[PDB]
$ cat run-v3.txt   # compact mmCIF, C-alpha atoms and all ligand atoms
# COMPACT_ATOMS: atom_id res chain seq x y z
CA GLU A 1 -19.20 98.71 -75.54
CA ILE A 2 -16.41 96.06 -74.94
CA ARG A 3 -13.57 98.51 -75.62
CA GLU A 4 -14.93 100.75 -73.05
CA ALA A 5 -15.37 97.91 -70.57
CA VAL A 6 -12.47 95.67 -70.63
CA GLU A 7 -9.72 97.48 -72.62
CA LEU A 8 -9.99 100.94 -70.92
CA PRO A 9 -9.10 100.03 -67.22
CA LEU A 10 -6.10 97.79 -68.50
CA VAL A 11 -4.30 100.44 -70.62
CA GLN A 12 -4.70 102.94 -67.69
CA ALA A 13 -7.21 102.83 -64.82
CA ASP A 14 -6.58 106.46 -63.95
CA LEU A 15 -8.42 107.91 -67.01
CA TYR A 16 -11.66 107.31 -65.18
CA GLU A 17 -10.48 108.64 -61.96
CA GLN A 18 -9.32 112.06 -63.10
CA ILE A 19 -12.46 112.84 -65.16
CA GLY A 20 -14.45 111.82 -62.07
CA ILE A 21 -16.47 108.94 -63.54
CA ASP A 22 -16.20 105.87 -61.25
CA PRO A 23 -15.45 102.76 -63.37
CA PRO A 24 -18.08 100.11 -64.47
CA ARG A 25 -17.79 96.72 -63.04
CA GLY A 26 -18.52 93.33 -64.52
CA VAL A 27 -19.61 92.40 -67.95
CA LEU A 28 -22.46 89.95 -68.53
CA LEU A 29 -22.80 88.82 -72.07
CA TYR A 30 -26.18 87.17 -72.88
CA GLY A 31 -27.75 85.83 -75.94
CA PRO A 32 -28.01 82.48 -77.78
CA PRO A 33 -24.29 81.15 -77.57
CA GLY A 34 -24.34 80.76 -81.36
CA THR A 35 -24.15 84.65 -81.55
CA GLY A 36 -20.38 84.77 -81.17
CA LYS A 37 -20.43 86.12 -77.48
CA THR A 38 -17.51 83.75 -76.64
CA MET A 39 -15.86 84.62 -79.95
CA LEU A 40 -15.73 88.29 -79.03
CA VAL A 41 -13.97 87.55 -75.72
CA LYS A 42 -11.16 85.67 -77.44
CA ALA A 43 -10.98 88.45 -80.23
CA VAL A 44 -10.23 91.40 -77.76
CA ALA A 45 -8.05 89.24 -75.53
CA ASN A 46 -5.60 88.42 -78.32
CA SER A 47 -5.76 92.15 -79.17
CA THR A 48 -5.15 93.75 -75.63
CA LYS A 49 -2.65 91.09 -74.66
CA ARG B 1 -6.71 140.92 -64.57
CA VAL B 2 -5.23 141.54 -68.16
CA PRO B 3 -2.90 144.67 -67.81
CA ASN B 4 -1.42 143.50 -64.54
CA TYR B 5 1.23 141.23 -66.11
CA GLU B 6 1.24 142.52 -69.74
CA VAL B 7 2.41 146.03 -68.70
CA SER B 8 5.06 144.41 -66.43
CA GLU B 9 6.37 142.20 -69.34
CA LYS B 10 6.87 145.21 -71.65
CA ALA B 11 8.25 147.32 -68.73
CA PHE B 12 10.98 144.78 -68.00
CA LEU B 13 12.05 144.79 -71.74
CA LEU B 14 12.07 148.64 -71.66
CA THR B 15 14.35 148.64 -68.49
CA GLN B 16 17.19 146.68 -70.20
CA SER B 17 19.82 148.44 -72.32
CA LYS B 18 21.23 144.92 -73.23
CA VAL B 19 18.31 144.41 -75.75
CA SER B 20 18.01 145.36 -79.31
CA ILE B 21 17.35 149.08 -80.12
CA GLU B 22 14.30 148.10 -82.07
CA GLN B 23 12.77 145.72 -79.45
CA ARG B 24 12.93 148.31 -76.59
CA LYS B 25 11.18 151.04 -78.68
CA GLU B 26 8.32 148.64 -79.71
CA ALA B 27 7.75 147.71 -76.05
CA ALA B 28 7.80 151.16 -74.84
CA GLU B 29 4.64 152.07 -76.80
CA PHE B 30 2.49 149.32 -75.19
CA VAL B 31 3.65 150.34 -71.67
CA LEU B 32 2.87 154.03 -72.05
CA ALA B 33 -0.64 153.68 -73.53
CA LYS B 34 -1.60 151.43 -70.71
CA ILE B 35 -0.48 153.74 -67.85
CA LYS B 36 -2.88 156.57 -69.01
CA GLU B 37 -5.91 154.49 -69.83
CA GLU B 38 -5.80 151.88 -67.05
CA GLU B 39 -4.53 154.06 -64.22
CA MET B 40 -1.30 152.23 -63.44
CA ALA B 41 -0.28 155.63 -61.88
CA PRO B 42 1.66 154.49 -58.67
CA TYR B 43 3.60 151.58 -60.45
CA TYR B 44 4.60 154.11 -63.10
CA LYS B 45 6.48 156.22 -60.42
CA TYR B 46 8.03 152.95 -59.21
CA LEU B 47 9.26 152.09 -62.68
CA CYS B 48 11.37 155.35 -62.98
CA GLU B 49 13.55 153.95 -60.17
CA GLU B 50 14.01 150.63 -61.82
CA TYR B 51 16.26 151.72 -64.74
CA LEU B 52 18.34 153.87 -63.03
CA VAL B 53 21.72 153.41 -64.55
CA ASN B 54 20.08 151.90 -67.73
CA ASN B 55 18.91 154.41 -70.22
CA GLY B 56 15.70 155.61 -71.80
CA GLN B 57 14.67 157.89 -68.96
CA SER B 58 12.92 161.20 -70.01
CA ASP B 59 10.59 161.74 -67.12
CA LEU B 60 9.47 165.13 -65.87
CA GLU B 61 9.37 164.33 -62.07
CA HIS B 62 11.85 161.53 -61.83
CA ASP B 63 15.55 161.17 -62.63
CA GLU B 64 16.93 161.15 -66.11
CA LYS B 65 20.26 159.88 -67.36
CA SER B 66 22.33 161.78 -69.91
CA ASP B 67 21.64 159.28 -72.72
CA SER B 68 17.88 158.93 -73.52
CA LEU B 69 17.67 156.09 -75.96
CA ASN B 70 13.80 156.16 -75.55
CA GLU B 71 11.03 158.84 -75.59
CA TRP B 72 7.94 156.64 -75.09
CA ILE B 73 8.71 157.56 -71.48
CA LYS B 74 7.25 160.76 -70.10
CA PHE B 75 5.88 161.81 -66.65
CA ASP B 76 2.84 164.13 -66.90
CA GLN B 77 1.13 165.95 -64.12
CA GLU B 78 -2.35 164.82 -65.42
CA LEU B 79 -1.46 161.33 -64.38
CA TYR B 80 -1.01 162.52 -60.73
CA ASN B 81 -4.32 164.52 -60.72
CA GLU B 82 -6.29 161.60 -62.11
CA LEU B 83 -4.90 159.37 -59.41
CA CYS B 84 -6.21 161.49 -56.61
CA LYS B 85 -9.74 161.72 -58.20
CA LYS B 86 -10.19 158.06 -59.40
CA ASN B 87 -8.89 156.74 -56.00
CA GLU B 88 -11.59 158.50 -53.89
CA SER B 89 -14.28 157.66 -56.41
CA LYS B 90 -13.86 153.85 -56.56
CA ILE B 91 -13.30 153.70 -52.74
CA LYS B 92 -16.62 155.75 -52.08
CA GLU B 93 -18.83 153.67 -54.36
CA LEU B 94 -18.11 150.16 -53.04
CA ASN B 95 -17.92 151.23 -49.38
CA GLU B 96 -21.50 152.28 -49.45
CA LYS B 97 -22.51 148.89 -51.02
CA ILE B 98 -20.71 147.10 -48.14
CA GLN B 99 -22.70 149.13 -45.60
CA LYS B 100 -25.95 148.24 -47.52
CA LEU B 101 -25.07 144.56 -47.42
CA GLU B 102 -24.66 145.00 -43.63
CA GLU B 103 -28.18 146.58 -43.12
CA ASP B 104 -30.12 143.74 -44.93
CA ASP B 105 -28.37 140.33 -44.58
CA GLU B 106 -26.63 139.44 -47.86
CA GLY B 107 -23.07 139.85 -46.64
CA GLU B 108 -21.69 136.32 -46.97
CA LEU B 109 -21.42 136.19 -50.77
CA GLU B 110 -21.72 139.88 -51.80
CA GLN B 111 -19.40 141.71 -49.35
CA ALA B 112 -16.59 139.25 -50.14
CA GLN B 113 -17.33 139.89 -54.00
CA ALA B 114 -17.08 143.71 -53.18
CA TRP B 115 -13.68 143.15 -51.47
CA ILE B 116 -12.44 141.02 -54.34
CA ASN B 117 -13.13 144.09 -56.61
CA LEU B 118 -11.21 146.33 -54.07
CA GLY B 119 -8.08 144.13 -54.30
CA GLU B 120 -8.23 144.03 -58.07
CA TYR B 121 -8.24 147.87 -58.05
CA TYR B 122 -5.47 147.92 -55.50
CA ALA B 123 -3.57 145.42 -57.57
CA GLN B 124 -4.24 147.51 -60.71
CA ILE B 125 -2.55 150.49 -59.17
CA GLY B 126 0.40 148.31 -58.18
CA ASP B 127 -0.03 147.94 -54.30
CA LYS B 128 0.67 144.45 -53.17
CA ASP B 129 0.18 145.28 -49.45
CA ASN B 130 -3.33 146.83 -49.61
CA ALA B 131 -4.65 144.44 -52.30
CA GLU B 132 -3.88 141.56 -49.92
CA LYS B 133 -5.54 143.14 -46.95
CA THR B 134 -8.84 143.39 -48.85
CA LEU B 135 -8.53 139.97 -50.19
CA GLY B 136 -8.13 138.96 -46.48
CA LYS B 137 -11.73 140.07 -45.49
CA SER B 138 -13.05 137.97 -48.42
CA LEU B 139 -11.90 134.83 -46.62
CA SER B 140 -13.50 135.58 -43.32
CA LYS B 141 -17.08 135.66 -44.65
CA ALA B 142 -17.95 131.96 -45.46
CA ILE B 143 -17.80 131.28 -49.09
CA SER B 144 -17.32 128.26 -51.51
CA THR B 145 -13.96 126.25 -51.41
CA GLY B 146 -13.49 127.29 -55.14
CA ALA B 147 -13.57 131.01 -54.36
CA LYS B 148 -11.04 130.61 -51.54
CA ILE B 149 -8.44 128.93 -53.85
CA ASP B 150 -8.94 131.55 -56.66
CA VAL B 151 -8.11 134.43 -54.18
CA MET B 152 -4.80 132.97 -52.95
CA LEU B 153 -3.62 132.62 -56.58
CA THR B 154 -4.44 136.30 -57.22
CA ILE B 155 -2.35 137.40 -54.17
CA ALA B 156 0.62 135.25 -55.41
CA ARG B 157 0.34 136.88 -58.76
CA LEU B 158 0.99 140.29 -57.21
CA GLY B 159 4.37 138.76 -56.31
CA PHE B 160 5.29 138.34 -59.98
CA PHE B 161 4.40 142.12 -60.67
CA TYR B 162 7.31 143.29 -58.41
CA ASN B 163 9.39 140.25 -59.49
CA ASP B 164 9.77 138.90 -55.87
CA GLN B 165 10.25 135.22 -56.00
CA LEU B 166 9.94 134.80 -52.22
CA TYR B 167 6.62 136.66 -52.19
CA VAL B 168 5.31 134.10 -54.72
CA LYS B 169 6.79 131.14 -52.82
CA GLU B 170 5.23 131.88 -49.47
CA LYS B 171 1.63 132.30 -50.65
CA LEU B 172 1.80 129.10 -52.76
CA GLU B 173 2.36 127.00 -49.69
CA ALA B 174 -1.22 127.90 -48.48
CA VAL B 175 -2.79 126.85 -51.86
CA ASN B 176 -1.32 123.40 -51.44
CA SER B 177 -3.53 122.96 -48.36
CA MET B 178 -6.84 124.14 -49.93
CA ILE B 179 -6.37 122.50 -53.37
CA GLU B 180 -7.52 119.08 -52.18
CA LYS B 181 -10.26 120.62 -49.90
CA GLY B 182 -11.97 121.95 -53.06
CA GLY B 183 -10.55 118.89 -54.94
CA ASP B 184 -10.91 120.65 -58.39
CA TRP B 185 -8.93 119.56 -61.41
CA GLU B 186 -9.71 122.92 -62.97
CA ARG B 187 -7.85 125.16 -60.34
CA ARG B 188 -5.20 122.41 -60.03
CA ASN B 189 -4.16 123.09 -63.68
CA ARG B 190 -3.99 126.76 -62.75
CA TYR B 191 -1.93 125.65 -59.73
CA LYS B 192 0.36 123.61 -62.11
CA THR B 193 1.09 126.64 -64.21
CA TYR B 194 1.22 129.12 -61.26
CA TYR B 195 3.91 126.92 -59.87
CA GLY B 196 5.26 126.40 -63.36
CA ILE B 197 6.08 130.05 -63.74
CA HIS B 198 7.36 130.22 -60.07
CA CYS B 199 9.77 127.28 -60.63
CA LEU B 200 10.86 128.90 -63.89
CA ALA B 201 11.55 132.14 -61.88
CA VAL B 202 14.15 130.39 -59.60
CA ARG B 203 17.35 128.64 -60.86
CA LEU C 1 -56.48 97.22 -49.42
CA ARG C 2 -59.25 96.24 -47.11
CA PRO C 3 -60.46 98.73 -44.26
CA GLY C 4 -57.97 99.66 -41.55
CA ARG C 5 -55.29 97.47 -43.11
CA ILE C 6 -53.68 100.21 -45.22
CA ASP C 7 -54.07 103.70 -43.86
CA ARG C 8 -51.39 105.71 -45.73
CA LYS C 9 -50.82 105.45 -49.41
CA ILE C 10 -47.93 107.24 -51.07
CA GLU C 11 -48.17 108.01 -54.88
CA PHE C 12 -44.88 108.98 -56.41
CA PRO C 13 -45.03 110.89 -59.80
CA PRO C 14 -42.35 111.00 -62.59
CA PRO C 15 -39.95 113.91 -61.91
CA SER C 16 -40.60 117.68 -62.25
CA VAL C 17 -38.18 119.75 -64.32
CA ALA C 18 -36.96 121.42 -61.11
CA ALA C 19 -36.58 118.01 -59.40
CA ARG C 20 -34.76 116.46 -62.42
CA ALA C 21 -32.16 119.30 -62.21
CA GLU C 22 -31.55 118.52 -58.55
CA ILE C 23 -30.71 114.92 -59.30
CA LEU C 24 -28.35 116.05 -62.03
CA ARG C 25 -26.58 118.49 -59.67
CA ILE C 26 -25.73 115.61 -57.18
CA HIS C 27 -24.12 113.64 -59.92
CA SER C 28 -22.02 116.69 -61.07
CA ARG C 29 -20.10 116.67 -57.71
CA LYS C 30 -18.50 113.33 -58.52
CA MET C 31 -17.54 114.58 -61.95
CA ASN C 32 -15.21 117.54 -62.90
CA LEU C 33 -17.13 119.86 -65.25
CA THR C 34 -16.31 123.21 -66.94
CA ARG C 35 -17.97 126.27 -65.43
CA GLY C 36 -20.84 127.93 -67.49
CA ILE C 37 -22.75 124.69 -67.91
CA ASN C 38 -26.30 125.20 -66.54
CA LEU C 39 -27.91 122.05 -65.33
CA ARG C 40 -31.25 123.73 -65.58
CA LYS C 41 -30.51 123.78 -69.30
CA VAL C 42 -29.77 120.07 -69.23
CA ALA C 43 -32.99 119.35 -67.31
CA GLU C 44 -34.93 121.08 -70.00
CA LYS C 45 -33.14 119.13 -72.84
CA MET C 46 -34.36 116.04 -71.03
CA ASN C 47 -38.05 115.27 -70.19
CA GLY C 48 -37.37 111.94 -68.57
CA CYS C 49 -40.19 109.82 -67.32
CA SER C 50 -38.42 108.32 -64.33
CA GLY C 51 -35.54 109.08 -62.05
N1 LIG D 1 -18.55 87.35 -85.52
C1 LIG D 1 -18.09 86.13 -85.97
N2 LIG D 1 -17.05 85.97 -86.90
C2 LIG D 1 -16.58 84.74 -87.11
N3 LIG D 1 -16.90 83.54 -86.64
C3 LIG D 1 -17.81 83.68 -85.64
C4 LIG D 1 -18.42 84.91 -85.33
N4 LIG D 1 -19.26 84.75 -84.22
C5 LIG D 1 -19.10 83.52 -83.87
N5 LIG D 1 -18.27 82.75 -84.70
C6 LIG D 1 -17.86 81.40 -84.51
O1 LIG D 1 -18.95 80.70 -83.93
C7 LIG D 1 -18.41 79.87 -82.82
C8 LIG D 1 -19.06 80.07 -81.41
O2 LIG D 1 -18.49 81.26 -80.79
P1 LIG D 1 -17.76 81.26 -79.40
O3 LIG D 1 -16.57 80.38 -79.52
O4 LIG D 1 -17.54 82.70 -79.08
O5 LIG D 1 -18.89 80.70 -78.27
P2 LIG D 1 -20.38 81.01 -77.32
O6 LIG D 1 -21.41 81.50 -78.29
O7 LIG D 1 -20.20 81.79 -76.01
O8 LIG D 1 -20.76 79.43 -76.82
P3 LIG D 1 -20.97 78.79 -75.27
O9 LIG D 1 -20.68 79.98 -74.37
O10 LIG D 1 -22.34 78.04 -75.15
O11 LIG D 1 -19.82 77.83 -75.24
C9 LIG D 1 -16.90 80.04 -82.88
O12 LIG D 1 -16.30 79.03 -83.67
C10 LIG D 1 -16.76 81.43 -83.44
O13 LIG D 1 -15.49 81.68 -84.05
MG MG D 2 -18.46 80.18 -75.31

$ encode --input "run-v3.txt" --output "structure tokens"
Amino acid sequence: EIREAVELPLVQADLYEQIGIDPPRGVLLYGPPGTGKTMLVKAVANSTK
Amino acid sequence: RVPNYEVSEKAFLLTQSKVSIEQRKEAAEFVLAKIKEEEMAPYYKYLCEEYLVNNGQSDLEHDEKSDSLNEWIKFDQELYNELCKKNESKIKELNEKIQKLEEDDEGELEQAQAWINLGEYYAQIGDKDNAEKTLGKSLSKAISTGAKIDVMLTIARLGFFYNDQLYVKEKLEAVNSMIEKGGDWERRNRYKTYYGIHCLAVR
Amino acid sequence: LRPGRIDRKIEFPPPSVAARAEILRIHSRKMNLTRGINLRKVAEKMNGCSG
């Protein structure tokens, strides 16, 4: 779900546009903070650059 | 839809005398089968002109050159008879349908769909002028944005049949207006190729 | 819900299979499909329970 949400409008926004799906907005991550929510944000950020 | 270009492609190859002996005689077979079966009768008279000084010609009502390098070229009188018959027949059928659509209101969608069929027949027989007229009435009755775009492409295609680059060019200005009215990506791809082929046709 | 205080009461059901196809058709105008897809077919694959 994160590679759809964050990574897909950075590589190209227009992928959405031309199929004719309007893009999702904001991401809320919830859960005990021990679950590695925070850890996932840092993981895909180093990866997308 | 399908013979309209495929017969023209082979007929161009057949015209040349600057092709291989073998390639011209393979083409010639596809062209000839399709005149008789599909009733390409008027474009077939047209095509006898288009050699002239190039060889192959072996027609019974139209000029011949001294050197026939082909024989998958013949004019028959049955072709002419057929024309006359088939013409009246198709014309008579649909007409009556159009009048029926006038009596009981149904004429928005169905009368334009009848006139689409009339231009496809007209187009089949190789008349750009009278295909276009019928495809003109189709517009006036109020139809979907999709249908309107599809029709203009068909007309521009008849430009390719007679290999008239200007006839293509003029019609494809009008599609540029409607393309974003419908807003389709489907008929935009068709547009990309339609244009593709037209741009390929010029230098 | 005492007398005269509430005088029109509007129950709303889950959707019909004809009604569920009409919501789908609205959404298909934002998207770019392929032709030959019936959305009456889709409404029958679904059964939904809400809009
Ligand atoms: N999937 C996992 N693989 C490896 N280590 C993990 C994993 N999930 C979490 N951890 C480790 O657990 C710790 C907490 O994760 P993170 O840094 O993402 O914070 P968080 O849960 O959002 O906390 P808060 O938001 O309250 O500060 C980190 O050190 C992280 O590397
Ligand atoms: Mg954290």

$ interface_residues --input "run-v3.txt" --of "chain B" --to "chain C" --cutoff "12 Å" --atoms "only C-alpha atoms" --output "JSON, numbers by chain"
{"B": [146, 182, 183, 184, 185, 186, 187, 188]}

$ write_last_selection --input "run-v3.txt" --atoms "C-alpha atoms" --output "short mmCIF file (atom, residue, chain, number, x, y, z; two decimals), in the coordinates of the input"
data_model
loop_
_atom_site.label_atom_id
_atom_site.label_comp_id
_atom_site.auth_asym_id
_atom_site.auth_seq_id
_atom_site.Cartn_x
_atom_site.Cartn_y
_atom_site.Cartn_z
CA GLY B 146 -13.49 127.29 -55.14
CA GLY B 182 -11.97 121.95 -53.06
CA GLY B 183 -10.55 118.89 -54.94
CA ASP B 184 -10.91 120.65 -58.39
CA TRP B 185 -8.93 119.56 -61.41
CA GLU B 186 -9.71 122.92 -62.97
CA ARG B 187 -7.85 125.16 -60.34
CA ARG B 188 -5.20 122.41 -60.03
#

$ atom_distance --input "run-v3.txt" --atom1 "atom CA of residue 147 of chain B" --atom2 "atom CA of residue 167 of chain B"
21.1 Å

$ atom_distance --input "run-v3.txt" --atom1 "atom CA of residue 5 of chain A" --atom2 "atom CA of residue 23 of chain A"
8.7 Å

$ residues_near_ligand --input "run-v3.txt" --ligand "ligand MG 2 (chain D)" --cutoff "7 Å" --atoms "all atoms listed in the file" --output "list in words"
residues 33, 37, 38 and 39 of chain A

$ write_last_selection --input "run-v3.txt" --atoms "C-alpha atoms" --output "JSON list (two decimals), keeping the file's coordinate frame"
[["chain", "number", "residue", "atom", "x", "y", "z"],
["A", 33, "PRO", "CA", -24.29, 81.15, -77.57],
["A", 37, "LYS", "CA", -20.43, 86.12, -77.48],
["A", 38, "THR", "CA", -17.51, 83.75, -76.64],
["A", 39, "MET", "CA", -15.86, 84.62, -79.95]]

$ residues_near_ligand --input "run-v3.txt" --ligand "ligand LIG 1 (chain D)" --cutoff "10 Å" --atoms "all atoms listed in the file" --output "number ranges by chain"
A: 29-43

$ interface_residues --input "run-v3.txt" --of "chain A" --to "chain C" --cutoff "12 Å" --atoms "all atoms listed in the file" --output "short mmCIF file (atom, residue, chain, number, x, y, z; two decimals) with C-alpha atoms, in the coordinates of the input"
data_model
loop_
_atom_site.label_atom_id
_atom_site.label_comp_id
_atom_site.auth_asym_id
_atom_site.auth_seq_id
_atom_site.Cartn_x
_atom_site.Cartn_y
_atom_site.Cartn_z
CA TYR A 16 -11.66 107.31 -65.18
CA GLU A 17 -10.48 108.64 -61.96
CA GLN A 18 -9.32 112.06 -63.10
CA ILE A 19 -12.46 112.84 -65.16
CA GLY A 20 -14.45 111.82 -62.07
CA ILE A 21 -16.47 108.94 -63.54
CA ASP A 22 -16.20 105.87 -61.25
#

$ atom_distance --input "run-v3.txt" --atom1 "atom CA of residue 40 of chain C" --atom2 "atom CA of residue 18 of chain C"
7.6 Å

$ residues_around --input "run-v3.txt" --residues "residue 160 of chain B" --least-positions-apart "4" --cutoff "12 Å" --atoms "all atoms listed in the file" --output "number ranges by chain"
B: 4-9, 12, 123, 126, 128, 153-156, 164-169, 171, 194-195, 197-202

$ residues_around --input "run-v3.txt" --residues "residue 48 of chain A" --least-positions-apart "2" --cutoff "9 Å" --atoms "only C-alpha atoms" --output "list in words"
residues 7, 10, 11, 44, 45 and 46 of chain A

$ residues_around --input "run-v3.txt" --residues "residue 47 of chain C" --least-positions-apart "3" --cutoff "8 Å" --atoms "only C-alpha atoms" --output "ChimeraX atom specification"
/C:17,43-44

$ decode --input "run-v3.txt" --residues "segment 120-132 of chain B" --atoms "N, CA and C atoms" --output "short mmCIF file (atom, residue, chain, number, x, y, z; two decimals), in the first residue's frame"
data_model
loop_
_atom_site.label_atom_id
_atom_site.label_comp_id
_atom_site.auth_asym_id
_atom_site.auth_seq_id
_atom_site.Cartn_x
_atom_site.Cartn_y
_atom_site.Cartn_z
N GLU B 120 -20.42 3.46 -45.59
CA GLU B 120 -19.59 2.27 -45.73
C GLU B 120 -19.71 1.50 -47.03
N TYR B 121 -20.98 1.43 -47.54
CA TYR B 121 -21.25 0.89 -48.89
C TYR B 121 -20.68 1.77 -49.98
N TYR B 122 -20.86 3.09 -49.87
CA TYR B 122 -20.39 4.01 -50.80
C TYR B 122 -18.88 4.02 -50.92
N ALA B 123 -18.27 3.85 -49.74
CA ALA B 123 -16.86 3.77 -49.50
C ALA B 123 -16.33 2.52 -50.06
N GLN B 124 -17.14 1.40 -50.01
CA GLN B 124 -16.77 0.05 -50.44
C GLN B 124 -16.57 0.14 -51.92
N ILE B 125 -17.41 0.92 -52.61
CA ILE B 125 -17.51 0.87 -54.03
C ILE B 125 -16.51 1.85 -54.59
N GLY B 126 -15.97 2.72 -53.66
CA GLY B 126 -14.78 3.52 -53.99
C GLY B 126 -15.32 4.95 -54.34
N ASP B 127 -16.38 5.50 -53.69
CA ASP B 127 -16.82 6.88 -53.96
C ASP B 127 -16.58 7.72 -52.75
N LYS B 128 -15.58 8.60 -52.80
CA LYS B 128 -15.31 9.37 -51.63
C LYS B 128 -16.37 10.39 -51.36
N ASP B 129 -16.86 11.03 -52.47
CA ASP B 129 -17.83 12.13 -52.54
C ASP B 129 -19.18 11.81 -51.93
N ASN B 130 -19.73 10.60 -52.24
CA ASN B 130 -21.10 10.24 -51.86
C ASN B 130 -21.11 9.50 -50.61
N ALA B 131 -19.95 8.99 -50.14
CA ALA B 131 -19.79 8.34 -48.81
C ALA B 131 -19.92 9.39 -47.74
N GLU B 132 -19.25 10.51 -47.96
CA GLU B 132 -19.10 11.71 -47.17
C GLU B 132 -20.33 12.51 -46.95
#
